[PDB]
């Protein structure tokens, strides 16, 4: 995917939840049906309605020209490393931990 700058659209707290983000993809175009809206939205992205351009609900990063085989989370991390949503996902503070012992 490619970073989009100077995109002349804005997202009309609305997109904090997965369901709202997924719903944005009602008009996701035919030529990108292979990059799942379900993965895109999980990865924080909202469809802007312009081309195949999606925008992160948290960092405002925009990506378009999605290509076969692109991983939305990896594209997110590569392009927008200071995103607070990604950093929250990298946090191990709130997560259930399984501990191995061979003692």
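Numbering follows the first chain given and starts at 1.
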Item to check | Count class of deposited residues lacking coordinates, residue 82 to residue 83 | outcome: none
Checklist outcome for this item: Assert higher mean C-alpha B factor (17-25 or 89-97, deposited values) equals 89-97
Checklist entry - Mean CA B-factor: is it higher for 55-63 or for 30-38? => result 30-38
Checklist outcome for this item: So, residue 75's CA B-factor, relative to its chain, sits in which third? The lowest
Checklist entry - Looking at the C-alpha B-factor of residue 2, is it in the lowest, middle or highest third of its chain? => result lowest
